[PDB]
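Chemist: The structure that follows is given in the form of structure tokens.
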Ligand SMILES: [Zn+2]
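In the numbering used here, the protein residues as written are 108 to 138.
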């Protein structure tokens, strides 16, 4: 069941949530 317009997570690749809501804030630093 599901009456909502939303595609699978682009970072998790699962059904239920999305990348926009997924925590996509990683530390991008050289070291
Ligand atoms: Zn995700």
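For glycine and all other residues, C-beta sits at the position ideal for the given N, C-alpha and C.
Between the C-alpha atoms of residue 113 and residue 130, what's the straight-line distance to the nearest angstrom?
Modeler: When rounded, the distance between both Cα atoms is 17 Å.
Chemist: Heavy atom of ligand 1 less than 8 Å from the Cβ of residue 121, yes or no?
Modeler: Yes, the beta carbon of residue 121 sits closer than 8 Å to at least one heavy atom of ligand 1.
Chemist: Out of curiosity, what's the CA-to-CA distance linking residue 116 and residue 108?
Modeler: For residue 116 and residue 108, the distance between alpha carbons rounds to 18 Å.
Chemist: Once the 5 residues before and after residue 119 are set aside, which same chain residues still bring their CB inside 7 Å of it?
Modeler: The answer, listed in chain order, is 129.
Chemist: Quick check: is any heavy atom of ligand 1 less than 8 Å from the C-beta of residue 126?
Modeler: The answer is yes for residue 126.
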